[PDB]
>>> print(open('upload_39.cif').read())   # mmCIF, C-alpha atoms
data_input
loop_
_atom_site.group_PDB
_atom_site.id
_atom_site.type_symbol
_atom_site.label_atom_id
_atom_site.label_comp_id
_atom_site.auth_asym_id
_atom_site.auth_seq_id
_atom_site.Cartn_x
_atom_site.Cartn_y
_atom_site.Cartn_z
ATOM 1 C CA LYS K 53 -72.697 -21.978 -21.695
ATOM 2 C CA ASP K 54 -76.057 -23.087 -23.169
ATOM 3 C CA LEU K 55 -78.765 -22.374 -20.590
ATOM 4 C CA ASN K 56 -81.552 -21.355 -22.997
ATOM 5 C CA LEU K 57 -80.921 -17.651 -22.462
ATOM 6 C CA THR K 58 -83.316 -14.908 -23.606
ATOM 7 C CA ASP K 59 -83.119 -12.261 -26.329
ATOM 8 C CA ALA K 60 -82.078 -9.705 -23.711
ATOM 9 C CA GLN K 61 -79.166 -11.755 -22.334
ATOM 10 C CA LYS K 62 -76.848 -12.342 -25.352
ATOM 11 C CA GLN K 63 -76.784 -8.585 -26.034
ATOM 12 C CA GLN K 64 -76.008 -7.696 -22.418
ATOM 13 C CA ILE K 65 -73.094 -10.120 -22.752
ATOM 14 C CA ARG K 66 -72.168 -8.248 -25.949
ATOM 15 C CA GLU K 67 -71.581 -5.061 -23.908
ATOM 16 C CA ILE K 68 -69.382 -6.806 -21.323
ATOM 17 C CA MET K 69 -67.329 -8.891 -23.767
ATOM 18 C CA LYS K 70 -66.519 -5.638 -25.578
ATOM 19 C CA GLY K 71 -65.468 -4.585 -22.074
ATOM 20 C CA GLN K 72 -63.435 -7.796 -21.740
ATOM 21 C CA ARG K 73 -61.476 -7.227 -24.981
ATOM 22 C CA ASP K 74 -60.768 -3.564 -25.835
ATOM 23 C CA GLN K 75 -60.296 -1.295 -22.766
ATOM 24 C CA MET K 76 -58.599 -4.259 -21.060
ATOM 25 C CA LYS K 77 -55.439 -3.864 -23.181
ATOM 26 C CA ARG K 78 -54.118 -7.285 -24.283
ATOM 27 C CA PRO K 79 -51.060 -6.892 -26.558
ATOM 28 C CA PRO K 80 -47.477 -5.762 -25.875
ATOM 29 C CA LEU K 81 -46.076 -5.685 -29.425
ATOM 30 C CA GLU K 82 -42.337 -6.317 -28.799
ATOM 31 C CA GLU K 83 -42.455 -9.240 -26.333
ATOM 32 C CA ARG K 84 -43.948 -11.649 -28.882
ATOM 33 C CA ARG K 85 -40.628 -11.036 -30.650
ATOM 34 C CA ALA K 86 -38.732 -11.867 -27.426
ATOM 35 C CA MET K 87 -40.367 -15.301 -27.017
ATOM 36 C CA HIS K 88 -39.456 -15.921 -30.658
ATOM 37 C CA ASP K 89 -35.883 -14.709 -30.015
ATOM 38 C CA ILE K 90 -35.293 -17.106 -27.080
ATOM 39 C CA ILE K 91 -36.785 -20.158 -28.836
ATOM 40 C CA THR K 92 -35.218 -19.330 -32.224
ATOM 41 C CA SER K 93 -31.691 -19.438 -30.752
ATOM 42 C CA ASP K 94 -29.284 -22.355 -31.190
ATOM 43 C CA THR K 95 -28.042 -21.912 -27.643
ATOM 44 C CA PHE K 96 -30.680 -21.884 -24.858
ATOM 45 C CA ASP K 97 -30.237 -19.728 -21.723
ATOM 46 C CA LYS K 98 -32.874 -19.846 -18.893
ATOM 47 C CA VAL K 99 -32.232 -16.388 -17.362
ATOM 48 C CA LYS K 100 -33.071 -14.796 -20.755
ATOM 49 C CA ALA K 101 -36.470 -16.576 -20.574
ATOM 50 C CA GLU K 102 -36.839 -16.321 -16.741
ATOM 51 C CA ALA K 103 -36.588 -12.524 -17.047
ATOM 52 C CA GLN K 104 -38.867 -12.175 -20.047
ATOM 53 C CA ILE K 105 -41.654 -14.252 -18.407
ATOM 54 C CA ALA K 106 -42.013 -12.056 -15.290
ATOM 55 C CA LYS K 107 -42.247 -8.861 -17.382
ATOM 56 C CA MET K 108 -45.300 -10.757 -18.613
ATOM 57 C CA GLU K 109 -46.757 -10.797 -15.074
ATOM 58 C CA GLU K 110 -48.259 -7.300 -15.002
ATOM 59 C CA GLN K 111 -50.083 -8.147 -18.255
ATOM 60 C CA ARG K 112 -51.183 -11.687 -17.457
ATOM 61 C CA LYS K 113 -52.159 -10.907 -13.832
ATOM 62 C CA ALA K 114 -54.299 -7.863 -14.723
ATOM 63 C CA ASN K 115 -55.919 -10.092 -17.373
ATOM 64 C CA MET K 116 -56.883 -13.136 -15.314
ATOM 65 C CA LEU K 117 -58.359 -10.516 -12.965
ATOM 66 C CA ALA K 118 -60.319 -8.435 -15.502
ATOM 67 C CA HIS K 119 -61.610 -11.610 -17.174
ATOM 68 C CA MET K 120 -63.029 -12.863 -13.856
ATOM 69 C CA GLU K 121 -64.899 -9.567 -13.297
ATOM 70 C CA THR K 122 -66.641 -9.918 -16.670
ATOM 71 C CA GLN K 123 -67.484 -13.646 -16.465
ATOM 72 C CA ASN K 124 -68.840 -12.960 -12.981
ATOM 73 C CA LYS K 125 -70.921 -10.075 -14.386
ATOM 74 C CA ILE K 126 -72.501 -12.379 -17.006
ATOM 75 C CA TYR K 127 -73.291 -14.839 -14.185
ATOM 76 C CA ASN K 128 -75.251 -11.952 -12.638
ATOM 77 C CA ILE K 129 -77.268 -11.360 -15.809
ATOM 78 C CA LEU K 130 -78.542 -14.928 -15.454
ATOM 79 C CA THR K 131 -81.685 -16.174 -13.701
ATOM 80 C CA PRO K 132 -81.901 -18.643 -10.767
ATOM 81 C CA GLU K 133 -83.018 -21.417 -13.161
ATOM 82 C CA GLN K 134 -80.120 -20.584 -15.506
ATOM 83 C CA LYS K 135 -77.413 -20.044 -12.837
ATOM 84 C CA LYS K 136 -78.368 -23.524 -11.638
ATOM 85 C CA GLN K 137 -77.485 -25.290 -14.903
ATOM 86 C CA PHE K 138 -74.241 -23.347 -15.371
ATOM 87 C CA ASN K 139 -72.903 -24.167 -11.900
ATOM 88 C CA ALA K 140 -73.391 -27.913 -12.477
ATOM 89 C CA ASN K 141 -71.479 -28.141 -15.775
ATOM 90 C CA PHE K 142 -68.263 -26.935 -14.082
ATOM 91 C CA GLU K 143 -68.161 -30.277 -12.231
ATOM 92 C CA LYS R 53 -45.893 -26.642 -38.724
ATOM 93 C CA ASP R 54 -45.432 -28.514 -42.021
ATOM 94 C CA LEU R 55 -41.686 -27.959 -42.625
ATOM 95 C CA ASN R 56 -41.514 -31.285 -44.517
ATOM 96 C CA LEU R 57 -39.379 -32.762 -41.724
ATOM 97 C CA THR R 58 -38.221 -36.408 -41.634
ATOM 98 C CA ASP R 59 -39.814 -39.363 -39.800
ATOM 99 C CA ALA R 60 -37.036 -39.050 -37.204
ATOM 100 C CA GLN R 61 -38.013 -35.475 -36.273
ATOM 101 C CA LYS R 62 -41.753 -36.176 -36.033
ATOM 102 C CA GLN R 63 -40.628 -38.767 -33.456
ATOM 103 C CA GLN R 64 -37.974 -36.650 -31.668
ATOM 104 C CA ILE R 65 -40.537 -33.851 -31.322
ATOM 105 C CA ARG R 66 -42.912 -36.407 -29.794
ATOM 106 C CA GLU R 67 -40.407 -37.608 -27.163
ATOM 107 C CA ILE R 68 -39.203 -34.080 -26.401
ATOM 108 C CA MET R 69 -42.829 -33.133 -25.673
ATOM 109 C CA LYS R 70 -43.467 -36.287 -23.613
ATOM 110 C CA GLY R 71 -40.000 -35.630 -22.173
ATOM 111 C CA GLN R 72 -40.724 -32.510 -20.109
ATOM 112 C CA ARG R 73 -44.432 -31.632 -20.648
ATOM 113 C CA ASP R 74 -44.718 -34.453 -18.138
ATOM 114 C CA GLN R 75 -42.436 -32.304 -15.953
ATOM 115 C CA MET R 76 -44.956 -29.439 -15.650
ATOM 116 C CA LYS R 77 -47.876 -30.281 -13.341
ATOM 117 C CA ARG R 78 -51.312 -29.356 -14.724
ATOM 118 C CA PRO R 79 -54.028 -27.347 -12.882
ATOM 119 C CA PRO R 80 -54.757 -28.136 -9.172
ATOM 120 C CA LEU R 81 -58.252 -28.751 -7.711
ATOM 121 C CA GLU R 82 -58.514 -26.126 -4.924
ATOM 122 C CA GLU R 83 -56.819 -23.488 -7.090
ATOM 123 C CA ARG R 84 -59.108 -24.414 -10.024
ATOM 124 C CA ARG R 85 -62.408 -25.012 -8.166
ATOM 125 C CA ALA R 86 -62.001 -21.623 -6.471
ATOM 126 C CA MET R 87 -61.067 -19.892 -9.757
ATOM 127 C CA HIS R 88 -64.692 -20.575 -10.717
ATOM 128 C CA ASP R 89 -66.191 -20.361 -7.205
ATOM 129 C CA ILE R 90 -64.964 -16.767 -7.270
ATOM 130 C CA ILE R 91 -67.037 -16.328 -10.429
ATOM 131 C CA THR R 92 -70.295 -18.035 -9.346
ATOM 132 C CA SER R 93 -70.333 -15.654 -6.354
ATOM 133 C CA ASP R 94 -73.184 -13.186 -5.758
ATOM 134 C CA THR R 95 -70.987 -10.086 -6.171
ATOM 135 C CA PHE R 96 -67.429 -9.901 -7.644
ATOM 136 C CA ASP R 97 -65.019 -10.091 -4.646
ATOM 137 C CA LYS R 98 -62.072 -8.135 -6.059
ATOM 138 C CA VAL R 99 -59.464 -8.379 -3.278
ATOM 139 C CA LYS R 100 -60.141 -12.139 -3.066
ATOM 140 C CA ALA R 101 -59.443 -12.660 -6.793
ATOM 141 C CA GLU R 102 -55.927 -11.182 -6.724
ATOM 142 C CA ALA R 103 -54.908 -13.743 -4.067
ATOM 143 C CA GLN R 104 -55.714 -16.796 -6.208
ATOM 144 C CA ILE R 105 -53.878 -15.420 -9.267
ATOM 145 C CA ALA R 106 -50.772 -15.168 -7.034
ATOM 146 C CA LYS R 107 -51.029 -18.604 -5.352
ATOM 147 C CA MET R 108 -51.096 -19.837 -8.963
ATOM 148 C CA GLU R 109 -48.234 -17.708 -10.385
ATOM 149 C CA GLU R 110 -44.955 -19.441 -9.445
ATOM 150 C CA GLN R 111 -46.289 -22.865 -10.518
ATOM 151 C CA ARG R 112 -47.385 -21.291 -13.817
ATOM 152 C CA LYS R 113 -43.881 -19.820 -14.201
ATOM 153 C CA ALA R 114 -42.225 -23.231 -14.418
ATOM 154 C CA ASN R 115 -44.821 -24.169 -17.063
ATOM 155 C CA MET R 116 -43.909 -21.310 -19.375
ATOM 156 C CA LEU R 117 -40.188 -22.055 -18.843
ATOM 157 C CA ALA R 118 -40.339 -25.788 -19.620
ATOM 158 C CA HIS R 119 -42.495 -24.879 -22.621
ATOM 159 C CA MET R 120 -39.759 -22.638 -24.028
ATOM 160 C CA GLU R 121 -37.057 -25.193 -23.159
ATOM 161 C CA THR R 122 -38.761 -27.965 -25.162
ATOM 162 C CA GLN R 123 -39.554 -25.554 -28.009
ATOM 163 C CA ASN R 124 -35.812 -24.861 -28.050
ATOM 164 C CA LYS R 125 -34.876 -28.572 -27.893
ATOM 165 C CA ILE R 126 -37.275 -28.998 -30.805
ATOM 166 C CA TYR R 127 -35.738 -25.959 -32.566
ATOM 167 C CA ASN R 128 -32.164 -27.217 -31.997
ATOM 168 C CA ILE R 129 -33.066 -30.446 -33.834
ATOM 169 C CA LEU R 130 -33.904 -28.617 -37.072
ATOM 170 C CA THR R 131 -31.532 -27.616 -39.894
ATOM 171 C CA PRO R 132 -30.615 -24.299 -41.704
ATOM 172 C CA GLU R 133 -33.411 -24.192 -44.332
ATOM 173 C CA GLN R 134 -36.322 -25.351 -42.156
ATOM 174 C CA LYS R 135 -35.121 -22.924 -39.473
ATOM 175 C CA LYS R 136 -35.420 -20.120 -42.049
ATOM 176 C CA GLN R 137 -39.122 -20.795 -42.734
ATOM 177 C CA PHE R 138 -40.290 -21.372 -39.154
ATOM 178 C CA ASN R 139 -38.866 -17.941 -38.308
ATOM 179 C CA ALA R 140 -40.504 -16.476 -41.432
ATOM 180 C CA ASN R 141 -43.863 -17.842 -40.242
ATOM 181 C CA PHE R 142 -44.164 -15.613 -37.169
ATOM 182 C CA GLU R 143 -42.614 -12.861 -39.317
#
>>> encode(input="upload_39.cif", output="structure tokens")
Amino acid sequence: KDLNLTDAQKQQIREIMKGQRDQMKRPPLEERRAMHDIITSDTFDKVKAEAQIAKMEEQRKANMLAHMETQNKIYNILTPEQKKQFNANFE
Amino acid sequence: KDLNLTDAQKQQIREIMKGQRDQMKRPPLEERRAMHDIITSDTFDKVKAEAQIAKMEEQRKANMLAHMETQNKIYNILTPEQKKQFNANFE
């Protein structure tokens, strides 16, 4: 992402990235303990991990989604000469 | 991670990682290329986005699981005192 953007662009991104972080709630505070709990055990059991993971589906699905909305929206702030250069770096 | 572990661990950690991190297959072209082709689109196709996220979920599941399994195999190769400070890190 270095397409010689203008002094209007970066700030428009600023409004959407603050839409990509906050409102789009990222942290469940007790599950980051769970991961710890399963790894920090001397005896490993898959089902304990299998059934923690998929509780982290609602959160990680709704994220991937929300993120794509925002990164699309920045694409749409671009110009034809800028959209060009961005597309090609993906390759 | 600077537990002051032995030469043997530094090596066992290396062959645990290369043991099953080469058991989880990394990102696939048509799932990846579309992840971004959804973004470079003219207008954010919502419905469409949800369907990629899914097609990508189960495969991603086995990649979180193997991760935790190797982090446990790594954990289970530590001793009492170093186990006490790794836990104290995240806490």
>>> calpha_fit_and_write(input="upload_39.cif", fixed="chain R", moving="chain K", output="PDB file with C-alpha atoms, keeping the file's coordinate frame")
ATOM      1  CA  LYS K  53     -44.917 -25.840 -38.035  1.00  0.00           C
ATOM      2  CA  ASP K  54     -44.875 -27.525 -41.477  1.00  0.00           C
ATOM      3  CA  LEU K  55     -41.290 -27.489 -42.760  1.00  0.00           C
ATOM      4  CA  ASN K  56     -41.311 -30.879 -44.524  1.00  0.00           C
ATOM      5  CA  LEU K  57     -39.608 -32.619 -41.613  1.00  0.00           C
ATOM      6  CA  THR K  58     -38.116 -36.126 -41.822  1.00  0.00           C
ATOM      7  CA  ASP K  59     -39.127 -39.470 -40.319  1.00  0.00           C
ATOM      8  CA  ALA K  60     -36.544 -38.969 -37.572  1.00  0.00           C
ATOM      9  CA  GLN K  61     -37.811 -35.530 -36.499  1.00  0.00           C
ATOM     10  CA  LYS K  62     -41.483 -36.095 -35.486  1.00  0.00           C
ATOM     11  CA  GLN K  63     -40.401 -38.893 -33.123  1.00  0.00           C
ATOM     12  CA  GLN K  64     -37.655 -36.806 -31.518  1.00  0.00           C
ATOM     13  CA  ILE K  65     -40.382 -34.226 -30.894  1.00  0.00           C
ATOM     14  CA  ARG K  66     -42.444 -37.067 -29.391  1.00  0.00           C
ATOM     15  CA  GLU K  67     -39.802 -37.533 -26.658  1.00  0.00           C
ATOM     16  CA  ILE K  68     -39.674 -33.821 -25.782  1.00  0.00           C
ATOM     17  CA  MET K  69     -43.431 -33.179 -25.857  1.00  0.00           C
ATOM     18  CA  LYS K  70     -43.788 -36.059 -23.388  1.00  0.00           C
ATOM     19  CA  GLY K  71     -41.190 -34.031 -21.484  1.00  0.00           C
ATOM     20  CA  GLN K  72     -43.321 -30.901 -21.949  1.00  0.00           C
ATOM     21  CA  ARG K  73     -46.486 -32.498 -20.499  1.00  0.00           C
ATOM     22  CA  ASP K  74     -45.890 -35.069 -17.728  1.00  0.00           C
ATOM     23  CA  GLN K  75     -42.811 -34.341 -15.540  1.00  0.00           C
ATOM     24  CA  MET K  76     -43.633 -30.634 -15.933  1.00  0.00           C
ATOM     25  CA  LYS K  77     -46.610 -30.885 -13.543  1.00  0.00           C
ATOM     26  CA  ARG K  78     -49.573 -28.849 -14.861  1.00  0.00           C
ATOM     27  CA  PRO K  79     -52.618 -29.242 -12.569  1.00  0.00           C
ATOM     28  CA  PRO K  80     -53.360 -27.981  -9.042  1.00  0.00           C
ATOM     29  CA  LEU K  81     -56.699 -29.703  -8.368  1.00  0.00           C
ATOM     30  CA  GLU K  82     -58.324 -27.292  -5.854  1.00  0.00           C
ATOM     31  CA  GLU K  83     -57.666 -23.904  -7.505  1.00  0.00           C
ATOM     32  CA  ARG K  84     -59.912 -24.649 -10.493  1.00  0.00           C
ATOM     33  CA  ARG K  85     -62.606 -24.744  -7.799  1.00  0.00           C
ATOM     34  CA  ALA K  86     -61.450 -21.333  -6.490  1.00  0.00           C
ATOM     35  CA  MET K  87     -61.831 -19.591  -9.875  1.00  0.00           C
ATOM     36  CA  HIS K  88     -65.302 -21.139 -10.029  1.00  0.00           C
ATOM     37  CA  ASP K  89     -66.034 -19.961  -6.462  1.00  0.00           C
ATOM     38  CA  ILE K  90     -65.138 -16.302  -7.181  1.00  0.00           C
ATOM     39  CA  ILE K  91     -67.063 -16.129 -10.481  1.00  0.00           C
ATOM     40  CA  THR K  92     -70.035 -18.153  -9.181  1.00  0.00           C
ATOM     41  CA  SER K  93     -70.688 -15.624  -6.389  1.00  0.00           C
ATOM     42  CA  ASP K  94     -73.460 -13.016  -6.478  1.00  0.00           C
ATOM     43  CA  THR K  95     -71.187 -10.489  -4.813  1.00  0.00           C
ATOM     44  CA  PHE K  96     -67.778  -9.856  -6.454  1.00  0.00           C
ATOM     45  CA  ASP K  97     -64.684  -9.027  -4.353  1.00  0.00           C
ATOM     46  CA  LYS K  98     -61.305  -8.272  -6.081  1.00  0.00           C
ATOM     47  CA  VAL K  99     -58.959  -9.213  -3.195  1.00  0.00           C
ATOM     48  CA  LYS K 100     -60.429 -12.761  -3.236  1.00  0.00           C
ATOM     49  CA  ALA K 101     -59.405 -12.975  -6.932  1.00  0.00           C
ATOM     50  CA  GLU K 102     -56.211 -10.839  -6.575  1.00  0.00           C
ATOM     51  CA  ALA K 103     -54.919 -13.341  -3.997  1.00  0.00           C
ATOM     52  CA  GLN K 104     -55.928 -16.466  -5.876  1.00  0.00           C
ATOM     53  CA  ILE K 105     -54.226 -15.293  -9.117  1.00  0.00           C
ATOM     54  CA  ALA K 106     -50.738 -14.845  -7.601  1.00  0.00           C
ATOM     55  CA  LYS K 107     -50.823 -18.318  -5.997  1.00  0.00           C
ATOM     56  CA  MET K 108     -51.087 -19.215  -9.679  1.00  0.00           C
ATOM     57  CA  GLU K 109     -47.713 -17.547 -10.373  1.00  0.00           C
ATOM     58  CA  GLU K 110     -45.409 -20.370  -9.272  1.00  0.00           C
ATOM     59  CA  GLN K 111     -47.350 -22.701 -11.601  1.00  0.00           C
ATOM     60  CA  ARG K 112     -47.744 -20.413 -14.598  1.00  0.00           C
ATOM     61  CA  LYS K 113     -44.183 -19.004 -14.393  1.00  0.00           C
ATOM     62  CA  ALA K 114     -42.494 -22.431 -14.185  1.00  0.00           C
ATOM     63  CA  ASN K 115     -44.677 -23.409 -17.166  1.00  0.00           C
ATOM     64  CA  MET K 116     -43.967 -20.569 -19.588  1.00  0.00           C
ATOM     65  CA  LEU K 117     -40.331 -21.364 -18.745  1.00  0.00           C
ATOM     66  CA  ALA K 118     -40.394 -25.156 -19.218  1.00  0.00           C
ATOM     67  CA  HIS K 119     -42.407 -24.764 -22.434  1.00  0.00           C
ATOM     68  CA  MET K 120     -39.745 -22.451 -23.901  1.00  0.00           C
ATOM     69  CA  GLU K 121     -36.979 -24.993 -23.147  1.00  0.00           C
ATOM     70  CA  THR K 122     -38.836 -27.681 -25.112  1.00  0.00           C
ATOM     71  CA  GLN K 123     -39.886 -25.542 -28.107  1.00  0.00           C
ATOM     72  CA  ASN K 124     -36.288 -24.328 -28.268  1.00  0.00           C
ATOM     73  CA  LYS K 125     -35.086 -27.958 -28.180  1.00  0.00           C
ATOM     74  CA  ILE K 126     -37.298 -28.852 -31.176  1.00  0.00           C
ATOM     75  CA  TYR K 127     -35.843 -25.820 -32.998  1.00  0.00           C
ATOM     76  CA  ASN K 128     -32.462 -27.506 -32.451  1.00  0.00           C
ATOM     77  CA  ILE K 129     -33.623 -30.783 -33.997  1.00  0.00           C
ATOM     78  CA  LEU K 130     -34.280 -28.835 -37.200  1.00  0.00           C
ATOM     79  CA  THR K 131     -31.958 -28.271 -40.166  1.00  0.00           C
ATOM     80  CA  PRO K 132     -30.701 -24.913 -41.543  1.00  0.00           C
ATOM     81  CA  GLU K 133     -33.172 -25.165 -44.459  1.00  0.00           C
ATOM     82  CA  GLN K 134     -36.002 -25.951 -42.017  1.00  0.00           C
ATOM     83  CA  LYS K 135     -35.067 -23.419 -39.285  1.00  0.00           C
ATOM     84  CA  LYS K 136     -35.202 -20.849 -42.085  1.00  0.00           C
ATOM     85  CA  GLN K 137     -38.872 -21.440 -42.946  1.00  0.00           C
ATOM     86  CA  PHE K 138     -39.967 -21.580 -39.299  1.00  0.00           C
ATOM     87  CA  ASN K 139     -38.346 -18.258 -38.377  1.00  0.00           C
ATOM     88  CA  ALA K 140     -40.169 -16.456 -41.211  1.00  0.00           C
ATOM     89  CA  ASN K 141     -43.700 -17.603 -40.313  1.00  0.00           C
ATOM     90  CA  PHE K 142     -43.464 -15.901 -36.891  1.00  0.00           C
ATOM     91  CA  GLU K 143     -43.561 -12.547 -38.718  1.00  0.00           C
TER      92      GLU K 143
END
>>> resolve_selection(input="upload_39.cif", expression="the PyMOL selection byres ((chain R and resi 99-106) around 12)", output="PyMOL selection string")
(chain K and resi 109-110+112-121+124) or (chain R and resi 80+82-91+93+95-98+107-113)
>>> axis_aligned_box(input="upload_39.cif", around="stretch 126-137 of chain K", padding_each_side="3 Å", output="AutoDock Vina command-line options")
--center_x -77.8 --center_y -18.3 --center_z -13.9 --size_x 16.5 --size_y 19.9 --size_z 12.2
>>> atom_distance(input="upload_39.cif", atom1="atom CA of residue K:142", atom2="atom CA of residue K:61")
20.4 Å
>>> atom_distance(input="upload_39.cif", atom1="atom CA of residue R:53", atom2="atom CA of residue R:136")
12.8 Å
>>> atom_distance(input="upload_39.cif", atom1="atom CA of residue R:122", atom2="atom CA of residue R:78")
16.4 Å
>>> closest_residue(input="upload_39.cif", among="K:64, K:72, K:58, K:92", to="residue K:123", atoms="all atoms listed in the file")
K:72
>>> residues_around(input="upload_39.cif", residues="residue R:67", least_positions_apart="6", cutoff="12 Å", atoms="all atoms listed in the file", output="list in words")
residues 60, 61, 73, 74, 122, 125 and 126 of chain R
>>> closest_residue(input="upload_39.cif", among="K:75, K:128, K:141, K:134", to="chain R", atoms="all atoms listed in the file")
K:128
>>> closest_residue(input="upload_39.cif", among="K:59, K:143, K:54, K:133", to="chain R", atoms="all atoms listed in the file")
K:143
>>> closest_residue(input="upload_39.cif", among="R:132, R:65, R:127, R:71", to="chain K", atoms="only C-alpha atoms")
R:127
>>> closest_residue(input="upload_39.cif", among="K:79, K:94, K:55, K:129", to="chain R", atoms="only C-alpha atoms")
K:94
